[PDB]
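Please read the structure below before turning to the comments.
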Amino acid sequence: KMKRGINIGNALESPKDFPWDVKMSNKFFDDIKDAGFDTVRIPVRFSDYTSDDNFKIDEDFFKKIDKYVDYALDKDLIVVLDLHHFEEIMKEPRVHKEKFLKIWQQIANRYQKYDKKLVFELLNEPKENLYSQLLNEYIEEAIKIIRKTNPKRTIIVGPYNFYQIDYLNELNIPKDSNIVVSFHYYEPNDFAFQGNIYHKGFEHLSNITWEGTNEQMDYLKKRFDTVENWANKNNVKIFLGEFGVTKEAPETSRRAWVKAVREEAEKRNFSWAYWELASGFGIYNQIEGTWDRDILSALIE
Ligand SMILES: [Ca+2]
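Structure below.
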């Protein structure tokens, strides 16, 4: 089912009192669907909207999530609900374990009767102090809570260090048949992130090219070999949940990189979701509702 997706980034994963540059709109889902995408990933920073007692998600904000999820699902889109930018659990995971479990208890109970096309992604890009031994422990507990009401909804988990390929070997695959494993790919970092302010240490890079040389193509293929081999041994489908290039990158390289990465994902039966619809990595004009044909052609022929 899942194949061609796109992230609505820098939107609902913003901090609670500083919204970012993309305002979620139902028209997005109409244009996402009409462009040929079958999946939409929705980052949501639920952690910024909780009772800080039972960790009750702000009902007003939760009704907003109902708004967009319902609309997207009603357009026959696969919706990945993604717990994004849970920052404090990365700093002090043991202090925020319970808040993490209760957050997902509410999501699982509130959407238990929703269409199969709604997918749960537990925790985007674990990092810092939420290392694998703790990450695995929390994922197992969260999956057992969700399964009490959603025995069969697809659940997406990812490895430590920003969903990094190199940490798949530490990810414990749950003994659950409805679980997708996700990695993110932005290699090389300096090319993909160049000029983006939301990327610490990459805002001042300039004019870095990706020409698809033989060693550049060999590198990309070798990295995807690692994920496929790991996926083959553990019997799990792989979701390239994030990949993309900033708008500041040279046009030709940006298109070639996105084309090559998308092609590698499909060649190995990876589902994928382009990183970002209308922001600094965007390929879509939120004001006009028009697509960047150059990059869109790289994703969907
Ligand atoms: Ca990084």
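Residue numbers (the authors' numbering): 39 to 90, 92 to 340.
Positions of the beta carbon are idealized from the N, C-alpha and C atoms, including for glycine.
What first and last residue would you give for the beta strand (DSSP E) that runs through residue i?
i, result
"residue 149", "Residue 149 -> not in any beta strand (DSSP E); alpha helix (DSSP H) instead, spanning 132–149."
"residue 311", "310–313"
"residue 235", "First-last for residue 235: undefined, no H or E at that position."
"residue 281", "277–282"
"residue 45", "42–45"
"residue 195", "194–196"
Looking at the secondary structure, which residues open and close the alpha helix (DSSP H) in which residue i lies?
i, result
"residue 336", "332–338"
"residue 110", "98–113"
"residue 271", "253–273"
"residue 292", "290–306"
"residue 174", "171–185"
"residue 72", "64–73"
"residue 201", "199–202"
Would residue i and residue j qualify as a contact pair, given that the criterion is a beta-carbon distance under 9 Å?
i, j, result
"residue 313", "residue 43", "yes"
"residue 160", "residue 221", "yes"
"residue 341", "residue 212", "The requested residue 341 does not occur in the structure, where the chain is confined to residues 39 to 340."
"residue 143", "residue 185", "yes"
"residue 165", "residue 200", "yes"
"residue 67", "residue 114", "yes"
"residue 235", "residue 287", "yes"
"residue 110", "residue 148", "no"
"residue 136", "residue 146", "no"
"residue 284", "residue 231", "yes"
"residue 276", "residue 308", "yes"
"residue 107", "residue 97", "no"
Return the residue from the list the options that minimises the CA-CA distance to residue i.
i, options, result
"residue 202", "127, 192, 297, 225", "225"
"residue 49", "333, 321, 339, 338", "321"
"residue 83", "186, 53, 187", "53"
"residue 124", "71, 85, 249, 102", "85"
"residue 70", "332, 316, 101, 340", "316"
"residue 141", "272, 78, 182", "182"
"residue 95", "138, 115, 119, 179", "138"
"residue 174", "259, 152, 156, 198", "198"
"residue 179", "158, 333, 210, 167", "210"
"residue 331", "189, 291, 304, 63", "291"
"residue 11", "281, 176, 189", "Residue 11 lies beyond the stretch modelled for the chain, which goes from 39 to 340, so this question has no answer here."
"residue 172", "158, 133, 214, 204", "133"
"residue 151", "268, 188, 131", "188"
"residue 79", "41, 167, 169", "41"
"residue 103", "62, 271, 93", "62"
So what does residue i bridge to, in DSSP terms?
i, result
"residue 120", "80, 159"
"residue 225", "Beta-bridge pairing links residue 225 to no other residue."
"residue 218", "194"
"residue 91", "What the structure lacks is residue 91: the chain is numbered 90, then 92, with the residues between left out."
"residue 88", "96"
Checklist entry - Around ligand 1, what residues have a beta-carbon under 7 Å from a heavy atom of it, in chain order? => result Answer in sequence order: 201, 228.
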